[PDB]
Amino acid sequence: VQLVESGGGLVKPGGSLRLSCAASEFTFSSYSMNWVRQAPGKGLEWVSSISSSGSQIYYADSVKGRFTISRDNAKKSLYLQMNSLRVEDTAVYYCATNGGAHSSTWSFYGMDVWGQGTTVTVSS
Amino acid sequence: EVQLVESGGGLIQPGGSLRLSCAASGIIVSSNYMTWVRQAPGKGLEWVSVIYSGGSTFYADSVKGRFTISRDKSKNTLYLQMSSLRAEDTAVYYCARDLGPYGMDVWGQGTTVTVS
Amino acid sequence: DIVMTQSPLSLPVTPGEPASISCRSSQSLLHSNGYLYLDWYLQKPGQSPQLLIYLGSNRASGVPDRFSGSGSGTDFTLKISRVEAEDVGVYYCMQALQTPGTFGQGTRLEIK
Amino acid sequence: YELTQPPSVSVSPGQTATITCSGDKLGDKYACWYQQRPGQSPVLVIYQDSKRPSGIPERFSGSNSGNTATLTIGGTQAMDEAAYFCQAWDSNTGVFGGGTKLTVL
Amino acid sequence: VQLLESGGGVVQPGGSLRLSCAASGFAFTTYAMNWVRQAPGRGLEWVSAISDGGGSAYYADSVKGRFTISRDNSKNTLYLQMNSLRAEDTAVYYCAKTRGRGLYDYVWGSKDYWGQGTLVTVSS
Amino acid sequence: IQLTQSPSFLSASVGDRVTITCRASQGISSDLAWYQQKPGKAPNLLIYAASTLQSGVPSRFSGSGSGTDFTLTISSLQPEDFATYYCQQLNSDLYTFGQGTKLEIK
Amino acid sequence: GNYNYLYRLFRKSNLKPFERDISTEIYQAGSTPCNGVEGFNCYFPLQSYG
């Protein structure tokens with residue numbers, strides 16, 4: 001598929017955002033999605049992940065209780081609720097497909113299709 | 001702001017027919033618990049009827065088989081079909097809004113009904 | 001963070017006189033859904049606070065009628081109609097919009 | 001769980017590069033490697049510690065054993081100058097390596 | 001309505017404690033709860049909040065990880081986990097219930113009813 | 001259920017502490033509403049749930065009791081505080097009232 | 001009061017044979033807009049049993 005993200009903008013610490021990652025084709029249904037953020041000065045961080053069915057949802061230790069990944073295979077969209085946006089969350093986020101249907105098969109694949117990242121900035 | 005206004009009562013022969021009306025401003029009648037409450041002269045308040053927000057009806061033991069409660073969604077109004085009127089029906093009736101644990105928060109002015 | 005500053009730091013006012021307490025937010029606390037998420041508390045001396053003003057302008061159950069709130073966006077004022085001898089104690093404001101919940105520093109209305 | 005990559009290594013063009021990745025009992029796990037040329041979204045180049053995805057020339061060779069994951073680039077050219085992130089999965093947790101920068105002269 | 005706070009006393013610098021907010025006279029099954037501290041003559045300052053059925057565990061920075069909260073929805077009680085206590089948490093602790101029971105009545109917002117408070121002293 | 005107020009005719013001067021009792025015969029423990037009625041007027045809530053102050057009621061009015069006993073307490077009388085005071089069964093099917101207590105500014 | 005058990009009194013829609021309501025909305029009691037805020041004409045479906 002062909003992936004495009006949206007939603008990154010200027011918010012102050014503690015604010016709310018809701019990113020997105022839209023797909024071109026309906027092959028989106030067969031891909032377990034991952035959210036990966038890229039620091040302005042460093043490499044990448046894994047943020048979250050979701051299964052193809054959406055029933056196997058995992059978060060990074062630094063982000064649980066704040067973010068809420070969700071998808072809609074009929075809408076060919078991937079979202080990421082972005083609450084309590086906090087001092088080090090400024091980054092560029094990448095939505096990357098795994099291919100493995102469930103979390104048990106994620107280690108047998110890699111994140112292959114990345115969309116153009118969306119810049120998120122938090123500051124007073 | 002929340003006002004109930006009542007009309008329809010009057011001097012009526014025993015056993016006759018009659019109807020009350022209770023227009024409501026602010027409250028939607030069609031989704032709240034509305035009750036009919038009676039007060040005989042020289043006596044206190046007493047319950048008559050309630051029609052549920054879903055449309056289910058209820059009347060008292062002294063009321064069953066005689067009165068009927070009715071409503072209109074277009075005019076936001078409450079009605080009471082008054083029939084088989086005995087001498088004990090001489091009272092003043094108010095319309096009130098029932099909220100369960102919350103009391104009869106709003107009330108009407110009341111209308112005097114006399115039987116002769 | 002939303003850092004809120006009260007004004008003034010103290011208001012010693014004789015009973016029977018009116019009093020206004022102002023606390024301004026650093027950010028905008030308006031329209032999470034259309035209301036002003038600033039809440040007012042009184043901590044009377046020696047005992048625990050309860051709500052005086054919620055949503056900027058409205059008050060909770062059983063509050064004296066003398067209390068009223070006003071202001072929008074960043075400036076907010078509490079309006080006591082008539083100070084009396086039971087009104088002594090610190091007043092707090094709170095931003096109720098973002099998760100870090102910050103209170104004021106505490107201005108007492110006292111009897112001088 | 002952490003993956004340790006040297007901050008950067010460099011070789012002259014046309015040489016063979018070697019970039020390491022260290023983890024606790026990392027030879028029991030599957031490791032993926034990615035190429036991030038500056039200003040670019042990364043691209044997967046090695047997965048399953050031995051297999052090479054479609055669209056990648058065979059000179060991207062990776063291997064894993066013990067506590068070290070290694071990637072080998074024979075005949076390094078100009079556009080091999082990129083950030084290289086060794087990746088691995090442990091307990092359903094995406095943990096990225098430090099990221100070794102490769103410089104060609 | 002009664003908010004009986006239990007536990008509390010003199011604990012050791014770096015030691016441990018756990019506090020109980022036994023509530024009654026109201027549902028507590030659809031109501032959120034808050035934890036509020038007040039160091040001696042230093043003002044009301046926030047600590048914690050919980051949703052109707054737990055899971056939502058919301059903390060300030062100074063209690064990041066070091067404090068955790070729980071509730072006993074059957075027995076109608078509120079709890080508070082403590083570890084490695086410093087000298088700045090020497091205070092009296094108020095458990096307080098949110099106004100209300102609908103959404104956008106933020107679980108970290110208005111606090112209608114408060115308790116009597118128990119002093120937690122960290123010293124030797 | 002049967003609710004009984006006690007006693008019916010009650011008298012006091014301004015400033016007295018009054019305790020109007022509506023006694024629950026079975027025991028219901030949260031279902032009381034206090035209805036003050038100016039002579040020939042529309043009643044109004046005073047205390048709902050038998051202990052909490054209904055909004056807009058002045059702070060001189062208080063309620064107490066739970067279970068089988070219930071009371072109305074007025075801390076400081078006013079010359080206009082004369083009325084007929086009703087107790088009601090909340091959360092019921094017939095919404096049984098009391099007979100009515102007529103406080104008098106005497 | 002055992003306030004562990006509750007009952008949805010505040011609801012306008014009648015229930016269908018074997019229907020289970022579990023929502024946590026602000027019951028609007030009239031025309032006064034609730035706007036996610038509890039207060040007058042803005043109560044809550046569940047009612048705790050005493």
# chains A, B, ... in the order shown; residues from 1 in each chain; ligands from 1
call {"tool": "select_by_dssp", "arguments": {"residues": "chain D", "states": "strand (DSSP E)", "output": "number ranges by chain"}}
result
D: 8-11, 17-22, 31-36, 43-46, 60-65, 68-73, 83-90, 93-96, 100-104
call {"tool": "residues_around", "arguments": {"residues": "stretch 47-61 of chain C", "least_positions_apart": "2", "cutoff": "8 Å", "atoms": "only C-alpha atoms", "output": "PyMOL selection string"}}
result
(chain C and resi 35-45+63+67-72+76) or (chain E and resi 110-117) or (chain F and resi 53-55)
call {"tool": "write_last_selection", "arguments": {"atoms": "C-alpha atoms", "output": "mmCIF file, in the first residue's frame"}}
result
data_model
loop_
_atom_site.group_PDB
_atom_site.id
_atom_site.type_symbol
_atom_site.label_atom_id
_atom_site.label_comp_id
_atom_site.auth_asym_id
_atom_site.auth_seq_id
_atom_site.Cartn_x
_atom_site.Cartn_y
_atom_site.Cartn_z
ATOM 1 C CA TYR C 35 -17.244 26.042 29.408
ATOM 2 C CA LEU C 36 -14.456 27.574 31.507
ATOM 3 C CA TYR C 37 -12.616 24.801 33.377
ATOM 4 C CA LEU C 38 -11.523 26.770 36.419
ATOM 5 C CA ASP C 39 -12.801 25.770 39.864
ATOM 6 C CA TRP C 40 -12.779 27.741 43.127
ATOM 7 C CA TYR C 41 -12.098 26.282 46.585
ATOM 8 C CA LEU C 42 -12.163 27.569 50.152
ATOM 9 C CA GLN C 43 -10.002 25.852 52.763
ATOM 10 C CA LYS C 44 -11.357 27.133 56.055
ATOM 11 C CA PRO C 45 -8.791 27.115 58.880
ATOM 12 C CA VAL C 63 -23.187 27.184 48.563
ATOM 13 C CA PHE C 67 -20.531 33.690 46.094
ATOM 14 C CA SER C 68 -20.353 34.178 42.318
ATOM 15 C CA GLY C 69 -17.692 33.748 39.652
ATOM 16 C CA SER C 70 -16.918 35.678 36.475
ATOM 17 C CA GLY C 71 -14.307 36.039 33.752
ATOM 18 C CA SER C 72 -13.444 34.173 30.559
ATOM 19 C CA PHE C 76 -11.374 34.888 36.431
ATOM 20 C CA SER E 110 -13.825 19.036 40.152
ATOM 21 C CA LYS E 111 -13.688 17.545 43.653
ATOM 22 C CA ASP E 112 -17.060 17.823 45.389
ATOM 23 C CA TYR E 113 -16.569 15.955 48.666
ATOM 24 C CA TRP E 114 -13.361 15.741 50.697
ATOM 25 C CA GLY E 115 -12.270 13.686 53.692
ATOM 26 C CA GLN E 116 -10.713 14.451 57.071
ATOM 27 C CA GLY E 117 -7.097 13.724 56.125
ATOM 28 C CA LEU F 53 -29.814 20.617 50.657
ATOM 29 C CA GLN F 54 -31.830 21.117 47.482
ATOM 30 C CA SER F 55 -30.424 23.956 45.383
#
call {"tool": "closest_atom_pairs", "arguments": {"of": "stretch 18-74 of chain F", "to": "stretch 29-52 of chain B", "cutoff": "10 Å", "atoms": "only C-alpha atoms", "output": "CSV"}}
result
residue,atom,partner,partner_atom,distance
F:37,CA,B:44,CA,9.9
F:40,CA,B:41,CA,9.9
F:43,CA,B:45,CA,9.5
call {"tool": "write_last_selection", "arguments": {"atoms": "C-alpha atoms", "output": "PDB file, in the first residue's frame"}}
result
ATOM      1  CA  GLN F  37     -46.307  24.532  51.213  1.00  0.00           C
ATOM      2  CA  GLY F  40     -52.847  27.611  49.491  1.00  0.00           C
ATOM      3  CA  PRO F  43     -45.046  23.157  47.390  1.00  0.00           C
TER       4      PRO F  43
END
call {"tool": "residues_around", "arguments": {"residues": "stretch 100-102 of chain D", "least_positions_apart": "6", "cutoff": "8 Å", "atoms": "only C-alpha atoms", "output": "VMD selection string"}}
result
chain D and resid 5 to 11 19 80 to 85
call {"tool": "residues_around", "arguments": {"residues": "stretch 86-91 of chain C", "least_positions_apart": "6", "cutoff": "12 Å", "atoms": "only C-alpha atoms", "output": "JSON list (two decimals) with N, CA and C atoms, in the first residue's frame"}}
result
[["chain", "number", "residue", "atom", "x", "y", "z"],
["C", 6, "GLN", "N", -2.62, 33.99, 41.58],
["C", 6, "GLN", "CA", -3.77, 34.64, 42.18],
["C", 6, "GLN", "C", -3.49, 36.12, 42.42],
["C", 7, "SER", "N", -4.56, 36.89, 42.57],
["C", 7, "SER", "CA", -4.41, 38.32, 42.81],
["C", 7, "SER", "C", -5.57, 38.85, 43.66],
["C", 8, "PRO", "N", -5.27, 39.49, 44.80],
["C", 8, "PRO", "CA", -3.91, 39.63, 45.34],
["C", 8, "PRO", "C", -3.55, 38.49, 46.29],
["C", 9, "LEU", "N", -2.39, 38.61, 46.94],
["C", 9, "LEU", "CA", -1.95, 37.57, 47.86],
["C", 9, "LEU", "C", -2.77, 37.55, 49.15],
["C", 10, "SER", "N", -3.29, 38.70, 49.59],
["C", 10, "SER", "CA", -4.11, 38.77, 50.80],
["C", 10, "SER", "C", -5.22, 39.80, 50.64],
["C", 11, "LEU", "N", -6.38, 39.49, 51.20],
["C", 11, "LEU", "CA", -7.52, 40.41, 51.22],
["C", 11, "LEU", "C", -8.17, 40.44, 52.59],
["C", 12, "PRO", "N", -7.53, 41.09, 53.56],
["C", 12, "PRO", "CA", -8.21, 41.35, 54.84],
["C", 12, "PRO", "C", -9.34, 42.35, 54.65],
["C", 13, "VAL", "N", -10.58, 41.89, 54.79],
["C", 13, "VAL", "CA", -11.76, 42.72, 54.56],
["C", 13, "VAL", "C", -12.70, 42.58, 55.76],
["C", 14, "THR", "N", -13.21, 43.70, 56.23],
["C", 14, "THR", "CA", -14.11, 43.69, 57.38],
["C", 14, "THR", "C", -15.42, 43.00, 57.01],
["C", 15, "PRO", "N", -16.09, 42.33, 57.94],
["C", 15, "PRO", "CA", -17.36, 41.67, 57.60],
["C", 15, "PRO", "C", -18.42, 42.69, 57.20],
["C", 16, "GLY", "N", -19.29, 42.26, 56.29],
["C", 16, "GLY", "CA", -20.32, 43.10, 55.73],
["C", 16, "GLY", "C", -19.92, 43.81, 54.45],
["C", 17, "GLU", "N", -18.63, 43.89, 54.17],
["C", 17, "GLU", "CA", -18.09, 44.50, 52.97],
["C", 17, "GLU", "C", -17.98, 43.48, 51.84],
["C", 18, "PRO", "N", -17.96, 43.94, 50.59],
["C", 18, "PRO", "CA", -17.78, 43.01, 49.47],
["C", 18, "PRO", "C", -16.31, 42.76, 49.16],
["C", 19, "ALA", "N", -16.06, 41.62, 48.52],
["C", 19, "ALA", "CA", -14.71, 41.19, 48.23],
["C", 19, "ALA", "C", -14.66, 40.46, 46.89],
["C", 20, "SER", "N", -13.58, 40.69, 46.15],
["C", 20, "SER", "CA", -13.33, 40.02, 44.88],
["C", 20, "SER", "C", -11.93, 39.42, 44.88],
["C", 21, "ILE", "N", -11.85, 38.15, 44.47],
["C", 21, "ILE", "CA", -10.59, 37.43, 44.36],
["C", 21, "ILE", "C", -10.38, 37.04, 42.91],
["C", 22, "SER", "N", -9.21, 37.39, 42.37],
["C", 22, "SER", "CA", -8.89, 37.16, 40.97],
["C", 22, "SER", "C", -7.68, 36.24, 40.85],
["C", 23, "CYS", "N", -7.78, 35.30, 39.91],
["C", 23, "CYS", "CA", -6.72, 34.35, 39.63],
["C", 23, "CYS", "C", -6.68, 34.13, 38.12],
["C", 39, "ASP", "N", -11.99, 26.07, 38.69],
["C", 39, "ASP", "CA", -12.80, 25.77, 39.86],
["C", 39, "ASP", "C", -12.25, 26.49, 41.08],
["C", 40, "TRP", "N", -13.14, 26.93, 41.97],
["C", 40, "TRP", "CA", -12.78, 27.74, 43.13],
["C", 40, "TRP", "C", -13.01, 26.96, 44.41],
["C", 41, "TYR", "N", -12.02, 26.97, 45.30],
["C", 41, "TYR", "CA", -12.10, 26.28, 46.58],
["C", 41, "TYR", "C", -11.80, 27.21, 47.75],
["C", 42, "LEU", "N", -12.44, 26.93, 48.88],
["C", 42, "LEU", "CA", -12.16, 27.57, 50.15],
["C", 42, "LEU", "C", -11.71, 26.52, 51.15],
["C", 43, "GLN", "N", -10.50, 26.67, 51.67],
["C", 43, "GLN", "CA", -10.00, 25.85, 52.76],
["C", 43, "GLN", "C", -10.11, 26.67, 54.04],
["C", 44, "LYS", "N", -11.20, 26.45, 54.78],
["C", 44, "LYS", "CA", -11.36, 27.13, 56.05],
["C", 44, "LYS", "C", -10.31, 26.63, 57.04],
["C", 45, "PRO", "N", -9.92, 27.47, 58.01],
["C", 45, "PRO", "CA", -8.79, 27.12, 58.88],
["C", 45, "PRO", "C", -9.05, 25.84, 59.66],
["C", 46, "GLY", "N", -8.11, 24.90, 59.55],
["C", 46, "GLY", "CA", -8.15, 23.67, 60.33],
["C", 46, "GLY", "C", -8.96, 22.54, 59.73],
["C", 47, "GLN", "N", -9.75, 22.80, 58.70],
["C", 47, "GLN", "CA", -10.55, 21.76, 58.06],
["C", 47, "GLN", "C", -10.33, 21.78, 56.55],
["C", 48, "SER", "N", -10.84, 20.73, 55.88],
["C", 48, "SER", "CA", -10.63, 20.39, 54.48],
["C", 48, "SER", "C", -11.52, 21.24, 53.57],
["C", 49, "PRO", "N", -11.03, 21.53, 52.37],
["C", 49, "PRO", "CA", -11.82, 22.34, 51.43],
["C", 49, "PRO", "C", -12.99, 21.57, 50.84],
["C", 50, "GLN", "N", -13.99, 22.31, 50.38],
["C", 50, "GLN", "CA", -14.99, 21.80, 49.46],
["C", 50, "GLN", "C", -15.22, 22.84, 48.38],
["C", 51, "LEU", "N", -15.86, 22.41, 47.29],
["C", 51, "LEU", "CA", -16.03, 23.28, 46.13],
["C", 51, "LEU", "C", -16.85, 24.51, 46.48],
["C", 52, "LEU", "N", -16.40, 25.68, 46.02],
["C", 52, "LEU", "CA", -17.21, 26.90, 46.03],
["C", 52, "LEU", "C", -17.74, 27.24, 44.65],
["C", 53, "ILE", "N", -16.87, 27.34, 43.65],
["C", 53, "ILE", "CA", -17.25, 27.64, 42.28],
["C", 53, "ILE", "C", -16.66, 26.58, 41.35],
["C", 63, "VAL", "N", -24.11, 26.07, 48.35],
["C", 63, "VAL", "CA", -23.19, 27.18, 48.56],
["C", 63, "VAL", "C", -23.97, 28.44, 48.94],
["C", 64, "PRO", "N", -23.44, 29.29, 49.81],
["C", 64, "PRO", "CA", -24.11, 30.57, 50.08],
["C", 64, "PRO", "C", -24.28, 31.38, 48.81],
["C", 66, "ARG", "N", -24.09, 34.43, 48.27],
["C", 66, "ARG", "CA", -23.18, 35.56, 48.14],
["C", 66, "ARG", "C", -22.02, 35.30, 47.18],
["C", 67, "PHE", "N", -21.68, 34.04, 46.93],
["C", 67, "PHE", "CA", -20.53, 33.69, 46.09],
["C", 67, "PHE", "C", -20.98, 33.70, 44.64],
["C", 77, "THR", "N", -12.63, 35.90, 38.23],
["C", 77, "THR", "CA", -12.81, 36.61, 39.49],
["C", 77, "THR", "C", -13.94, 35.98, 40.30],
["C", 78, "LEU", "N", -13.69, 35.79, 41.59],
["C", 78, "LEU", "CA", -14.73, 35.40, 42.53],
["C", 78, "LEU", "C", -15.32, 36.63, 43.19],
["C", 79, "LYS", "N", -16.64, 36.63, 43.37],
["C", 79, "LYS", "CA", -17.38, 37.81, 43.81],
["C", 79, "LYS", "C", -18.20, 37.45, 45.04],
["C", 80, "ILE", "N", -17.71, 37.84, 46.22],
["C", 80, "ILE", "CA", -18.43, 37.64, 47.47],
["C", 80, "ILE", "C", -19.32, 38.86, 47.70],
["C", 103, "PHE", "N", -3.12, 24.02, 41.66],
["C", 103, "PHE", "CA", -3.91, 24.94, 42.46],
["C", 103, "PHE", "C", -3.17, 26.26, 42.64],
["C", 104, "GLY", "N", -3.89, 27.26, 43.15],
["C", 104, "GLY", "CA", -3.30, 28.53, 43.49],
["C", 104, "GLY", "C", -2.42, 28.42, 44.73],
["C", 105, "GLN", "N", -1.85, 29.55, 45.11],
["C", 105, "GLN", "CA", -0.95, 29.59, 46.26],
["C", 105, "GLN", "C", -1.67, 29.90, 47.56],
["C", 106, "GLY", "N", -2.87, 30.47, 47.50],
["C", 106, "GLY", "CA", -3.66, 30.68, 48.69],
["C", 106, "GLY", "C", -3.73, 32.12, 49.19],
["C", 107, "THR", "N", -4.86, 32.78, 48.93],
["C", 107, "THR", "CA", -5.14, 34.10, 49.49],
["C", 107, "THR", "C", -6.24, 33.98, 50.54],
["C", 108, "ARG", "N", -5.95, 34.38, 51.78],
["C", 108, "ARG", "CA", -6.97, 34.36, 52.81],
["C", 108, "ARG", "C", -7.79, 35.64, 52.74],
["C", 109, "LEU", "N", -9.10, 35.51, 52.81],
["C", 109, "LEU", "CA", -9.96, 36.59, 53.27],
["C", 109, "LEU", "C", -10.05, 36.51, 54.78],
["C", 110, "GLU", "N", -9.56, 37.55, 55.46],
["C", 110, "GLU", "CA", -9.58, 37.57, 56.92],
["C", 110, "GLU", "C", -10.32, 38.81, 57.38],
["C", 111, "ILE", "N", -10.47, 38.94, 58.69],
["C", 111, "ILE", "CA", -11.15, 40.06, 59.33],
["C", 111, "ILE", "C", -10.09, 40.90, 60.03],
["C", 112, "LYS", "N", -9.95, 42.15, 59.60],
["C", 112, "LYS", "CA", -8.84, 42.98, 60.05],
["C", 112, "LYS", "C", -9.30, 44.00, 61.10],
["E", 41, "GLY", "N", 1.61, 24.00, 55.84],
["E", 41, "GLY", "CA", 1.58, 25.40, 55.45],
["E", 41, "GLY", "C", 2.15, 25.67, 54.07],
["E", 42, "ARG", "N", 1.87, 24.79, 53.11],
["E", 42, "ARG", "CA", 2.43, 24.95, 51.77],
["E", 42, "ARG", "C", 1.41, 24.84, 50.64],
["E", 43, "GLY", "N", 0.13, 24.58, 50.93],
["E", 43, "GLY", "CA", -0.90, 24.64, 49.92],
["E", 43, "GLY", "C", -1.28, 23.27, 49.38],
["E", 44, "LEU", "N", -2.52, 23.20, 48.91],
["E", 44, "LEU", "CA", -3.04, 21.99, 48.30],
["E", 44, "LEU", "C", -2.34, 21.74, 46.97]]
